[PDB]
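Asker: Before I ask anything, let me first share the structure, which is written out below as structure tokens.
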Amino acid sequence: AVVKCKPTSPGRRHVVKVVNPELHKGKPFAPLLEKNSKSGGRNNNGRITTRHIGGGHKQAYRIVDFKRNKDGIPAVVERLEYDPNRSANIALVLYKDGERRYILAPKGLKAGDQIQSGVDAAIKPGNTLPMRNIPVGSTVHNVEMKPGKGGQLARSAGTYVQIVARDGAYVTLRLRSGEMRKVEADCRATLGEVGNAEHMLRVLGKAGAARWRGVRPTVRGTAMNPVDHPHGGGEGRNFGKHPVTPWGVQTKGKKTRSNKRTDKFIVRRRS
Amino acid sequence: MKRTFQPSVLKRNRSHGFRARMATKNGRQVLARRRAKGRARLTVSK
Amino acid sequence: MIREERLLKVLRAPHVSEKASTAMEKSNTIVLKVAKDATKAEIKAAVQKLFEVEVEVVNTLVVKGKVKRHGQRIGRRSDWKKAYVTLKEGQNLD
RNA sequence: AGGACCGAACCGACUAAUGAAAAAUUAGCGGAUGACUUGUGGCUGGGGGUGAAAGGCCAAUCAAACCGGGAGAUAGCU
RNA sequence: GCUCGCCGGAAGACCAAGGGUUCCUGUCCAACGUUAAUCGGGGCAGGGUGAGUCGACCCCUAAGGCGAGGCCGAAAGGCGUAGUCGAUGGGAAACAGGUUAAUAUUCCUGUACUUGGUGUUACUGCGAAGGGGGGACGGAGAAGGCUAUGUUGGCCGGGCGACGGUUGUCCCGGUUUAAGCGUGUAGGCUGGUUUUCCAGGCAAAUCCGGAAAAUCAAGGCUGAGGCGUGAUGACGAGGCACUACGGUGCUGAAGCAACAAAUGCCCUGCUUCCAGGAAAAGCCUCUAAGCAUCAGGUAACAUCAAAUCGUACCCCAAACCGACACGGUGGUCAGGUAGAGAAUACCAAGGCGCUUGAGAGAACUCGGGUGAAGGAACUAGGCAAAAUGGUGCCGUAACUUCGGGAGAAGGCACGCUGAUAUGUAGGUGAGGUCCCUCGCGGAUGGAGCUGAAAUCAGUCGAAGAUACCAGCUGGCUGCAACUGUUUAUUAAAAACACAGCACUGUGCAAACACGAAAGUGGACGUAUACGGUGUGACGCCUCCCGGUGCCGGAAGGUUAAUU
């Protein structure tokens with residue numbers, strides 16, 4: 001649930017917490033963990049390539065299963081877990097053959113729930129089956145775009161996709177963006193919505209909270225000198241130019257999709 | 001007042017030492033230059 | 001097993017000093033100058049063969065050379081290896 | 001509980017008067033569990049870096065570092 | 001040598017880094033030392049650094065670096081796989097005393113430990129580049145158990161006072177002892193043991209994981225401290241022999257108890273929070289190829305082994321970074337009285353008086369003290385000074401986002417002695433007595449020790465938070481919501497950032513950014529996400545598309561290469 005914190009200090013006043021009691025209070029499943037060091041938004045050349053990244057808390061990498069290939073074995077949900085690496089919540093599941101995996105926790109999922117992947121699998125939340133097997137009009141998440149690759153669409157805290165149509169070898173998806181997209185009908189998808197839907201209701205409430213999430217502060221181009229940004233300079237507050245990136249490209253409207261290879265799959269762009 | 005030079009032997013060697021100079025071309029040229037000049041101490045190496 | 005020639009080349013000299021004299025008289029320990037490359041076991045072997053005397057143990061150390069100035073010109077003395085060789089109880093050395 | 005309070009260390013540098021000091025002193029001053037501070041090592045290189053942005057900082061040097069070279073640049077000027 | 005004075009969370013002690021002989025001894029005083037110099041971190045000569053257990057080396061890896069092939073690139077070269085390097089992190093082992101002019105966990109004395117070989121007898125499944133476990137991990141908070149350490153008493157030794165008193169409830173000093181081995185406690189974690197099966201752990205697995213079934217409630221792991229031993233020892237106040245006045249040799253009492261107590265240890269624990277918290281080896285374990293009655297494994301016992309390098313000295317400084325014998329510099333140690341305290345004052349241990357002195361006692365300057373009467377009249381401005389200053393209790397407005405405002409404001413008490421109470425409330429806790437699955441056990445018990453806070457009565461002073469220390473307060477108002485950041489060295493702000501808001505892009509080989517490219521970041525993320533721009537908590541809100549941009553359209557006009 002969301003929780004407005006009492007204003008016992010400025011910087012706590014405007015805070016809203018998103019508290020799920022059902023998460024695991026404990027150390028995660030260590031076998032599925034692995035190291036994940038921070039970039040600072042800097043590439044192999046050592047240059048900053050994406051500004052405003054830096055610092056934040058040390059995080060491990062949970063090995064989430066997005067490919068979801070344990071066909072026919074039924075699994076049961078052991079617990080839900082906090083993943084620092086994503087807006088969603090993860091679920092540690094236990095297959096009957098003794099293997100455990102992390103999966104995106106869907107909306108209704110909880111400890112004790114049974115889930116299943118496969119063509120034969122049942123059409124219920126958390127189950128995963130090819131979209132030619134999934135009825136039209138259903139909500140799914142963790143959608144593969146290429147068969148066998150692993151889910152790439154609809155992984156964020158409260159996303160999902162609509163299968164609006166199945167026309168032969170393809171099905172047409174309604175993406176969260178509003179973009180309509182063809183996808184091969186043999187690609188895989190998980191039933192239901194992804195879990196942590198009130199994720200958006202949280203509000204950080206202070207500068208430090210943003211820092212904790214590895215976000216360095218943002219300087220406005222207009223606050224700079226001309227040598228730095230197109231917006232710089234001006235005695236007092238001047239802005240007599242069309243908005244642009246630091247690299248001179250228009251920002252308020254100018255489209256930038258250039259991919260002519262996948263134009264065919266886009267049924268309708270978002271609006 | 002913390003002045004610029006804050007010595008550290010290892011750091012000195014890695015930065016300027018013989019092997020470092022050897023590693024890359026430009027360093028090798030520097031070495032050659034110094035040899036030509038007649039430098040007694042070719043490198044920072046003690 | 002150390003070669004005789006190497007053994008002979010190990011031992012440079014006896015070291016005379018107050019501390020050395022004290023070590024000799026009290027702890028039955030001789031203080032030698034030895035080759036800088038000479039290891040402890042080597043030194044011991046050489047002691048045993050060339051002075052004909054049982055060794056308990058050898059401690060070694062490296063003496064660094066002093067920087068001196070002859071007139072205006074600076075110059076450094078050689079470094080050299082010192083060895084305290086402790087000799088078995090009742091071992092009297094000439 | 002807290003980018004909570006008072007306050008030493010520690011980090012800073014608002015006022016004041018005054019070469020031991022190429023930016024210090026003393027007296028006061030701000031923060032002091034955090035967007036803190038600090039050691040060791042690492043990476044980013046010059047129209048390039050980094051920049052909670054002052055054209056700041058990049059070895060007492062910055063509206064384009066230093067070293068060497070073109071080079072005895074050119075100087076209707078002194 | 002005796003006085004005086006200063007530091008004492010340092011101006012003491014020990015290290016790292018950095019320096020590199022500055023260490024110690026003798027000797028010299030030209031130069032160096034802001035003066036003199038017999039002295040010196042100066043000159044010259046000699047001496048000095050001892051390790052299986054400290055550190056490096058070594059095994060393991062992080063960020064990162066290099067990188068066979070490889071991909072890419074006019075050349076140079078870039079990226080990067082396998083790999084290999086890389087500590088600031090993980091990985092076996094030593095303590096006490098004595099000694100040098102100068103080293104010591106390194107020498108000596110005592111008492112230990114480690115992990116390798118080799119050989120043994122005893123046994124008999126060993127075996128990895130592979131599987132599993134472990135190592136292995138955050139912040140804050142709270143206690144409880146402890147010790148370091150300190151105080152008092154007891155004990156032991158010495159003393160009987162340069163001036164009134166001082167054989168006592170008097171004075172001074174000491175009252176220390178390790179690692180190791182044994183015990184396995186306060187406490188923490190976990191249900192154990194056996195059997196059966198199984199699409200999992202790249203193959204196999206007797207291991208892990210998962211299913212069942214049986215049976216017992218104690219099983220294991222961890223763990224400070226204490227106790228015992230170590231120790232008939234060592235050390236020991238000071239006494240006694242020699243004296244090159246430096247010291248050397250002999251000798252040696254007591255060596256207990258209580259209380260208090262860390263920020264250190266149990267604790268890598270427990271509780272809790274969200275921001276969700278290295279890796280690999282060592283270590284344990286499982287098997288595979290293999291080998292097969294051999295090797296290898298574990299078992300004790302014997303022997304050998306532990307190489308190499310560092311070890312002096314300075315290290316908040318006269319030895320490092322600052323041109324100087326001139327501010328900066330990470331870690332560890334942390335006594336007493338008062339105190340909340342690592343603040344502050346005075347002291348201990350220890351270390352210093354800052355390498356020019358001597359006079360004088362003009363102006364003027366600096367740093368301080370006090371000041372009649374006035375009390376901001378000063379001044380751009382109360383700048384600077386002065387003032388406030390503690391604990392407890394009473395009391396406290398507007399406004400408010402109901403948290404605040406608020407230590408609002410303002411007041412009262414405060415010393416010492418006695419009594420309450422030859423020391424209370426509390427804390428601690430010995431004997432005795434009882435229980436007992438027997439121990440570091442549980443009950444009862446209260447000796448002794450410690451010990452606030454209050455009330456009443458008296459008492460001194462001008463003054464009792466007496467020194468050091470230690471808020472000035474209130475009223476209206478602009479700006480910025482707030483904590484933060486900034487022009488290293490004239491600007492700390494109303495500037496930047498901020499949480500929040502909005503627009504816009506981006507469907508993943510994402511947009512974008514660095515890269516002739518390969519590739520990398522974005523992100524091991526996927527529209528509840530990421531990028532860009534503006535605005536900037538919260539509250540109430542928030543006409544013009546002509547111009548320039550952007551988006552969409554494509555009927556016509558015009559229009560490249562080409563032909």
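By order in the structure tokens, chains are A, B, ...; within a chain, residues start at 1; ligands start at 1, following the order shown.
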Skip residue 133 in chain A itself and residues of its chain fewer than 6 positions away, then list as a PyMOL selection string all residues within 9 Å of it, counting only C-alpha atoms (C1' of nucleotides).
Answerer: chain A and resi 119-120+123+185-186
Asker: Which residues, written as a ChimeraX atom specification, have at least one atom at most 10 Å from range 1-6 of chain D, with only C-alpha atoms (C1' of nucleotides) counted and residues fewer than 3 positions away on the same chain left out?
Answerer: /A:8-12,206-209 /D:33-36 /E:140,273,471,483-484
Asker: At a cut-off of 12 Å, using only C-alpha atoms (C1' of nucleotides), what residues contact residue 46 in chain B? Leave out same-chain residues fewer than 6 positions from it and give the result as a ChimeraX atom specification.
Answerer: /B:9-10,12-13,16-18,40
Asker: I want to know what sits within 12 Å of range 25-31 of chain A, based on only C-alpha atoms (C1' of nucleotides), with residues of the same chain fewer than 5 positions away left out; could you give that as a VMD selection string?
Answerer: (chain A and resid 20 59 to 64 78 to 84 90 to 94 99 to 102) or (chain E and resid 132 to 133 136 to 138 201 208 to 209 272 to 274 276 to 277)
Asker: Could you give me the residues within range 38-93 of chain C that DSSP places in alpha helix (DSSP H), as number ranges by chain?
Answerer: C: 40-51
Asker: Select, as a list in words, those residues of chain E with any atom no more than 8 Å from chain C (distances computed using only C-alpha atoms (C1' of nucleotides)).
Answerer: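 Output check: residues 21, 47, 49, 50, 108 and 307 of chain E.
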Asker: Grab the residues selected above and save them as a PDB file, in the first residue's frame with C-alpha atoms (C1' of nucleotides).
Answerer:
```
ATOM      1  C1'   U E  21      71.791   6.765   7.546  1.00  0.00           C
ATOM      2  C1'   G E  47      79.620   1.117  14.417  1.00  0.00           C
ATOM      3  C1'   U E  49      69.067  -3.042  11.017  1.00  0.00           C
ATOM      4  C1'   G E  50      69.516 -10.927  13.059  1.00  0.00           C
ATOM      5  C1'   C E 108      68.827 -14.820  24.744  1.00  0.00           C
ATOM      6  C1'   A E 307      64.060 -19.908   1.164  1.00  0.00           C
TER       7        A E 307
END
```
Asker: Counting only C-alpha atoms (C1' of nucleotides), a student should be able to say which residues of chain A come within 12 Å of chain D; what is the right answer, written as number ranges by chain?
Answerer: A: 5-13, 39-49, 51-52, 54-56, 204-229, 232-233
Asker: Name the residues of chain C that fall into strand (DSSP E) according to DSSP on the backbone, using the chain letters and numbers of this document, as a PyMOL selection string.
Answerer: chain C and resi 11-14+29-34+55-63+67-70+73-76+80-87
Asker: For the selection you just gave me, I'd like the residues written to a file as a CSV table (one decimal), in the first residue's frame, keeping N, CA and C atoms.
Answerer:
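Full text of result_6.csv as output:
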```
chain,number,residue,atom,x,y,z
C,11,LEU,N,82.3,-17.2,1.5
C,11,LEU,CA,82.7,-16.5,2.8
C,11,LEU,C,83.7,-15.4,2.5
C,12,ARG,N,83.3,-14.2,2.7
C,12,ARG,CA,84.2,-13.1,2.4
C,12,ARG,C,85.2,-12.8,3.6
C,13,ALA,N,84.7,-12.7,4.8
C,13,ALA,CA,85.6,-12.3,5.9
C,13,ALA,C,84.9,-12.4,7.3
C,14,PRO,N,85.7,-12.4,8.3
C,14,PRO,CA,85.2,-12.2,9.7
C,14,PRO,C,85.0,-10.7,9.9
C,29,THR,N,78.4,-17.0,18.8
C,29,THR,CA,77.9,-16.6,17.5
C,29,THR,C,79.0,-15.8,16.8
C,30,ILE,N,79.4,-16.2,15.6
C,30,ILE,CA,80.4,-15.5,14.8
C,30,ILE,C,79.7,-14.6,13.8
C,31,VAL,N,80.3,-13.5,13.5
C,31,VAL,CA,79.7,-12.5,12.6
C,31,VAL,C,80.6,-12.5,11.4
C,32,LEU,N,80.1,-12.9,10.2
C,32,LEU,CA,80.8,-13.0,9.0
C,32,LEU,C,80.3,-12.0,8.0
C,33,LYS,N,81.2,-11.5,7.1
C,33,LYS,CA,80.9,-10.9,5.8
C,33,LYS,C,80.8,-12.1,4.8
C,34,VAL,N,79.7,-12.1,4.0
C,34,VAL,CA,79.5,-13.1,3.1
C,34,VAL,C,79.0,-12.5,1.7
C,55,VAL,N,77.0,-26.0,13.1
C,55,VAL,CA,76.2,-24.8,13.1
C,55,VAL,C,74.9,-25.1,13.7
C,56,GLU,N,74.4,-24.3,14.6
C,56,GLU,CA,73.0,-24.3,14.9
C,56,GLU,C,72.2,-23.6,13.9
C,57,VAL,N,72.5,-22.4,13.7
C,57,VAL,CA,71.6,-21.6,12.8
C,57,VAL,C,72.4,-20.4,12.3
C,58,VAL,N,71.8,-19.8,11.2
C,58,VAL,CA,72.4,-18.6,10.6
C,58,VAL,C,71.2,-17.6,10.5
C,59,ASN,N,71.5,-16.5,11.0
C,59,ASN,CA,70.7,-15.3,10.7
C,59,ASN,C,71.5,-14.5,9.7
C,60,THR,N,70.9,-13.9,8.7
C,60,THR,CA,71.5,-13.0,7.8
C,60,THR,C,70.9,-11.6,7.8
C,61,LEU,N,71.6,-10.6,7.3
C,61,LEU,CA,71.0,-9.3,7.0
C,61,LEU,C,71.8,-8.7,5.9
C,62,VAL,N,71.2,-7.7,5.3
C,62,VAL,CA,71.9,-6.9,4.2
C,62,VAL,C,72.2,-5.6,4.8
C,63,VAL,N,73.5,-5.2,4.7
C,63,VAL,CA,74.0,-3.9,5.1
C,63,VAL,C,74.0,-3.0,3.9
C,67,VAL,N,76.5,6.6,1.7
C,67,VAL,CA,76.8,7.6,0.8
C,67,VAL,C,77.9,8.5,1.4
C,68,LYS,N,79.0,8.7,0.6
C,68,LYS,CA,80.1,9.5,1.1
C,68,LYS,C,80.4,10.6,0.0
C,69,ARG,N,81.3,11.4,0.4
C,69,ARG,CA,81.7,12.5,-0.5
C,69,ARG,C,83.2,12.6,-0.4
C,70,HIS,N,83.9,12.3,-1.5
C,70,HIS,CA,85.3,12.5,-1.7
C,70,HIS,C,85.5,13.8,-2.3
C,73,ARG,N,83.0,15.3,-4.9
C,73,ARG,CA,82.3,14.3,-5.7
C,73,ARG,C,81.6,13.3,-4.7
C,74,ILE,N,80.3,13.1,-5.0
C,74,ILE,CA,79.5,12.2,-4.2
C,74,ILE,C,79.7,10.7,-4.7
C,75,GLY,N,79.7,9.8,-3.8
C,75,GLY,CA,79.8,8.4,-4.2
C,75,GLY,C,79.4,7.4,-3.1
C,76,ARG,N,78.9,6.3,-3.5
C,76,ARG,CA,78.2,5.3,-2.5
C,76,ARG,C,79.1,4.1,-2.3
C,80,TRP,N,76.5,-5.0,1.4
C,80,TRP,CA,77.2,-6.3,1.7
C,80,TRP,C,76.4,-7.1,2.7
C,81,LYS,N,76.6,-8.4,2.7
C,81,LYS,CA,75.7,-9.3,3.5
C,81,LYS,C,76.5,-9.7,4.8
C,82,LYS,N,75.8,-9.5,5.9
C,82,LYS,CA,76.3,-9.9,7.2
C,82,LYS,C,75.6,-11.1,7.7
C,83,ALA,N,76.3,-12.0,8.4
C,83,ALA,CA,75.7,-13.3,8.8
C,83,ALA,C,76.2,-13.6,10.2
C,84,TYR,N,75.2,-13.6,11.1
C,84,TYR,CA,75.4,-14.1,12.5
C,84,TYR,C,75.2,-15.6,12.4
C,85,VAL,N,76.2,-16.4,12.6
C,85,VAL,CA,76.2,-17.8,12.6
C,85,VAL,C,76.4,-18.3,14.0
C,86,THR,N,75.3,-18.9,14.6
C,86,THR,CA,75.4,-19.5,15.9
C,86,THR,C,75.9,-20.9,15.8
C,87,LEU,N,76.9,-21.2,16.6
C,87,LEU,CA,77.7,-22.4,16.7
C,87,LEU,C,77.4,-23.3,17.9
```
Asker: Quick one, how far is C1' of residue 73 in chain E from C1' of residue 517 in chain E?
Answerer: 6.3 Å
